[PDB]
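Just one chain follows, in the form deposited in one PDB entry, and it is written as structure tokens.
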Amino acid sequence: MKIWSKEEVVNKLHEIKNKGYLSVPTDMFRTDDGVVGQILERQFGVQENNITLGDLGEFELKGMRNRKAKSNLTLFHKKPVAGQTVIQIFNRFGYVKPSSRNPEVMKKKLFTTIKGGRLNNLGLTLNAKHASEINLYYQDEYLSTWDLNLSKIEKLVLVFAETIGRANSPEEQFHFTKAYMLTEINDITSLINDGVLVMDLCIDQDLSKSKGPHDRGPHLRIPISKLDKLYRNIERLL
């Protein structure tokens, strides 16, 4: 694994921007929102996930399309340590609905954003006692507990891409034009409780093809507009 110095990251980001629009190799294409991140990883020579460290060593690397209205940033995934499993949650709260991409395919889905301070429309909410005790509730009923490790996201390199071509098509291209270094992370207990950080569940199941469920892992996420609540220092790199 290469450990990238800050100066090496800054230099590489300028080189990447100077390359202009980057294309998706045919062998890579798989109708995938995450392709922006795969392309960015290639530029940094990131060959596999490391269980211990952020992609670049000291820093974790994240790419995003620069949409006018931006989806949340996914920080990492983690299964609950205790209580109901994600599959047990899916069994109870999932709902039958056609695929959004292919209307002829029937699915069972649970795509829901859960946060502190509020019940969502499915009755789900979070609270936190410590960063190591984040609890999922349905109304006043305790379901599950997460013990989250934030080590890998202590420092981030976040890079934004402009796009040309249809989203998730083989012709989509990416020009990485802006980047930020985010450091000095805050304790997350209050951020969970106040609904700044959120948890997404992203489980579905292809019923038409008689397949088993696909749990993508509970996602800890944050809106880009609220990153200054998570990190005390945000520096423009590119």
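In this text, residue numbers run from 1 along the sequence as written. Only residues modelled in both forms are compared. Under this definition, the rigid core comprises the largest set of C-alpha atoms superposing within 1.5 Å between the forms.
In what follows, reference is made to the form deposited in another entry, a form of this protein that is not presented.
Task: Only residue that shifts (Cα, 2 Å or more, rigid core superposed) between the shown form and the other one, among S169, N50, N186, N193 - done: With the rigid core superposed, the residue that stands out is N50.
Task: Comparison of CA distance in that other deposited form with shown form for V35, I51, at least 3 Å - done: Nearer in that other deposited form, by 3 Å or more.
TODO: Give me the stretches of at least three consecutive residues whose Cα atoms move by 2 Å or more between the shown form and the other one once the core is superposed.
DONE: Moving regions between the shown form and the other one: 47-53, 208-211.
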